[PDB]
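Working notes, structure below.
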Amino acid sequence: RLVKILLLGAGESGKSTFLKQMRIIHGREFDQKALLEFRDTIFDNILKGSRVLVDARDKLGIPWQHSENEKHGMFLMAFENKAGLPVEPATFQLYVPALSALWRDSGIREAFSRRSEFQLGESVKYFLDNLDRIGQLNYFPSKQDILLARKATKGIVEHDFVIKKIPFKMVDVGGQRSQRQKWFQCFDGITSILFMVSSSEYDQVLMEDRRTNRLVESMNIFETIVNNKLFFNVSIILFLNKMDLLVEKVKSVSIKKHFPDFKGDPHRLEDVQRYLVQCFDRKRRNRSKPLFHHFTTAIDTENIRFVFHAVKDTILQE
Ligand SMILES: Nc1nc2c(ncn2[C@@H]2O[C@H](COP(=O)(O)OP(=O)(O)O)[C@@H](O)[C@H]2O)c(=O)[nH]1
Ligand code: ALF
Ligand SMILES: [Mg+2]
């Protein structure tokens, strides 16, 4: 009896990131082929994010700290890998001097602070924050770099493990409006659904359209999955993810602006935490059996090992 788990949720919620934590913990570690692929991604992640940051402070009018940096900004503008792939260490090292200089500019860091005014996977900060060893000539990625790297899932990927002598099989699929269209192929013979939610995204708008709120979409999707006949004999467990990023936003940006019906203290983590559980609780018609849920940080490996051992129980006991 091989347990089939399905990883669902909106775009940029941490589905793939979770699936990585599974391989690290329960699967076989990555051979150079995959490792180099992760690096290409990391390099790319760093180059595309900066391009956006350099264009951000321009399109928002923010001035430079040191106006010399213009010329560093120039060096990134014409970078492009849209629908492209391998980005080699030689390529990247040319940009290291530019990247470090720009990142030091307070004008740019301020542009990163107004991130939510546009589209940028904040995973950029971590890399530029330790560009010093990424930008070293003989660099290989760490586990933590890898987990923080980002590639948009444009397909489906089964991933097999045997945890405590029980054969698991997890499927990762894409979360964007375009990709959802594929989901129905994976609904076959699933024993559970791990629904994920980028809980830090109350102030952000969805990428694939300028206007729809990211967290509302998550709720909208959850409502449709959780109340489905097809998934009547299926365990459904909710992962409020990016808890470590959430902590940060809570301090500076308020959810009150975006969710006016919120009635608590907008700068207390738990006031906000409980509200989220409730919102997702509320989209369920069968609020009789309780809402299995966790507050995860999918980049933090221990958190996940802990959290998954619990999830393994919930599922198997049902
Ligand atoms: N800080 C933080 N970042 C996360 C977490 N989970 C995922 N990420 C980042 O979010 C980005 C999107 O992850 P991914 O798994 O590809 O999202 P997906 O589209 O749902 O598969 C990656 O760059 C990850 O580094 C988390 O718990 N905390
Ligand atoms: F939901 Al994705 F890449 F955005 F798996
Ligand atoms: Mg993905």
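Positions of Cβ are generated from backbone atoms using ideal geometry, with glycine treated the same way; all protein chains shown enter the neighbour counts. What is reported rests on the model, the rules as stated and the sources as named; no laboratory instrument gave them.
Restricting attention to segment 162-176, which residues are surrounded by fewer than 17 Cβ atoms within 10 Å (Cβ to Cβ) and touching a helix residue (DSSP H, G or I) at 6+ places or on another chain (Cβ under 9 Å)?
Within segment 162-176, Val162, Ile163, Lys164, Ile166 qualify.
Have a look at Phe295, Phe280 and point out the one that is closer than 30 Å to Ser142 by Cβ, surrounded by 16 or more Cβ atoms within 10 Å (Cβ to Cβ) and more than 16 Å from ligand 3 (Cβ to nearest atom). It would help to see each step written out before you state the result.
On the way: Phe280 fails: closer than 30 Å to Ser142 by Cβ.
Exactly one of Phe295, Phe280 is closer than 30 Å to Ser142 by Cβ, surrounded by 16 or more Cβ atoms within 10 Å (Cβ to Cβ) and more than 16 Å from ligand 3 (Cβ to nearest atom), namely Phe295.
Evaluate segment 94-104: report whether one residue or more is of a type in the set (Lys, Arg), surrounded by fewer than 17 Cβ atoms within 10 Å (Cβ to Cβ) and in a helix (DSSP H, G or I).
The first filter runs over segment 94-104 and keeps only residues of a type in the set (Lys, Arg), leaving 104.
In the following step, the residues that additionally are surrounded by fewer than 17 Cβ atoms within 10 Å (Cβ to Cβ) were identified as 104.
Now restrict to residues that are in a helix (DSSP H, G or I): 104.
Checking segment 94-104: at least one residue is of a type in the set (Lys, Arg), surrounded by fewer than 17 Cβ atoms within 10 Å (Cβ to Cβ) and in a helix (DSSP H, G or I).
For a quick check of your reading of the model, give me the residue pairs whose first member lies in segment 131-155 and is farther than 15 Å from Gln21 by Cβ, whose second is away from ligand 1 (no atom under 13 Å from the Cβ) and in a loop (DSSP other than H, G, I, E, B), with beta-carbon atoms closer than 8 Å and at least 6 apart or on different chains.
Close Cβ pairs (under 8 Å, with a partner that is away from ligand 1 (no atom under 13 Å from the Cβ) and in a loop (DSSP other than H, G, I, E, B)) amount to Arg133/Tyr139; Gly155/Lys182.
With the checklist (1) surrounded by 15 or more Cβ atoms within 10 Å (Cβ to Cβ); (2) in contact (Cβ under 8 Å) with a residue 24 or more places away in the chain; (3) not hydrophobic (A, V, I, L, M, F, W, C) in hand, flag the one item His66 doesn't pass.
(1) is the only condition that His66 fails.
Condition test on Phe75, is it outside the structural domain of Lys20 (by CATH), more than 14 Å from ligand 1 (Cβ to nearest atom) and buried (at least 17 other Cβ atoms within 10 Å of the Cβ)?
So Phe75 fits the description; yes.
Just for segment 10-38: of the residues that are in a helix (DSSP H, G or I), more than 15 Å from ligand 3 (Cβ to nearest atom) and not aliphatic (A, V, I, L, M), which one is nearest to the chain's Cα centre (by Cα)? Before the answer, list the steps.
Taking segment 10-38 first, the residues in a helix (DSSP H, G or I) are 15-26, 32-38.
Adding the requirement that they be more than 15 Å from ligand 3 (Cβ to nearest atom) leaves 24-26, 32-36.
Next, only the ones that are not aliphatic (A, V, I, L, M) stay: 26, 32-33.
On the way: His26: 21, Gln32: 24, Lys33: 23 Å.
The extreme case among them is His26.
Just checking, does segment 2-24 include any residue being more than 16 Å from ligand 1 (Cβ to nearest atom), in contact with a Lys or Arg (Cβ under 6 Å, 6 or more places away or on another chain) and charged (D, E, K, R)?
Residues of segment 2-24 more than 16 Å from ligand 1 (Cβ to nearest atom): 2-4.
Now drop any that are not in contact with a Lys or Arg (Cβ under 6 Å, 6 or more places away or on another chain), which leaves 2, 4.
Remaining after also requiring charged (D, E, K, R): 4.
Looking for residues that are more than 16 Å from ligand 1 (Cβ to nearest atom), in contact with a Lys or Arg (Cβ under 6 Å, 6 or more places away or on another chain) and charged (D, E, K, R), one finds at least one in segment 2-24, hence yes.
Please go through segment 124-144 and give me each residue that is surrounded by fewer than 20 Cβ atoms within 10 Å (Cβ to Cβ) and in a helix (DSSP H, G or I), ordered by number. Working first, answer last.
Narrowing segment 124-144 to residues surrounded by fewer than 20 Cβ atoms within 10 Å (Cβ to Cβ): 125-126, 129-133, 136-140, 142-144.
Selection gives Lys125, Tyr126, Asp129, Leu131, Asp132, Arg133, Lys143, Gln144.
Only one of (1) under 30 Å from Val253 (Cα atoms); (2) surrounded by 22 or more Cβ atoms within 10 Å (Cβ to Cβ); (3) within 13 Å of ligand 3 (Cβ to nearest atom) is not met by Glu201, so which one is it?
It is condition (3) that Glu201 fails.
Return the pairs, sorted by first residue and then second, in which the second residue is in a strand (DSSP E or B) and of a type in the set (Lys, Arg), the first residue lies in segment 165-191 and is touching a residue at least 60 places away in the same chain (Cβ under 8 Å) and within 13 Å of ligand 1 (Cβ to nearest atom), the beta carbons are less than 9 Å apart, and the residues are 6+ apart or on different chains.
Between residues of segment 165-191 that are touching a residue at least 60 places away in the same chain (Cβ under 8 Å) and within 13 Å of ligand 1 (Cβ to nearest atom) and residues that are in a strand (DSSP E or B) and of a type in the set (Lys, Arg), the close pairs are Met170/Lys4; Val171/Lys4.
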